[PDB]
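This report refers to the structure that appears directly beneath it.
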Amino acid sequence: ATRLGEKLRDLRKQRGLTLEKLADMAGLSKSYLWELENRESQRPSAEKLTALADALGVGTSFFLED
């Protein structure tokens, strides 16, 4: 797995959101969000990082720091 993906999946599951729901919320495909959770990936774009962080109640810095 990966650090950004660990963080993203952990917070999503703690917020009670399915993969499909969080992807829909952030305007992402389900496969793209799965890739962020489970594969080495380019950092999400600033708008998508903002959407993901806001959906999960954390700062974008959560994903940008180690």
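Identifiers for the structure tokens are assigned positionally: chains receive A, B, ... in sequence, residues are indexed from 1 per chain, and ligands are indexed from 1 in the order shown.
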
Residues within 10 Å of residue A:27, please, as a PyMOL selection string. Count only C-alpha atoms; anything in the same chain fewer than 4 positions from it doesn't count.
chain A and resi 21-23+33+48+51-52

Can you list, as a ChimeraX atom specification, every residue of chain A that DSSP puts in alpha helix (DSSP H)?
/A:3-14,19-26,30-38,46-56,61-64

Residues near stretch 36-46 of chain A, cut-off 6 Å, only C-alpha atoms, skip fewer than 2 positions along chain, as a PyMOL selection string
chain A and resi 1+5+9+33-34+48-49

Atom-to-atom span, atom CA of residue A:63 and atom CA of residue A:50, Å:
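About the pair atom CA of residue A:63 and atom CA of residue A:50: they are 10.1 Å apart.
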
Using only C-alpha atoms, find the one residue out of A:61, A:47, A:30, A:56 that sits nearest to residue A:15.
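With only C-alpha atoms as the atom set, the closest residue is A:56.
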
Using atom CA of residue A:14 and atom CA of residue A:55 as the two end points, give the distance in Å to one decimal.
11.9 Å
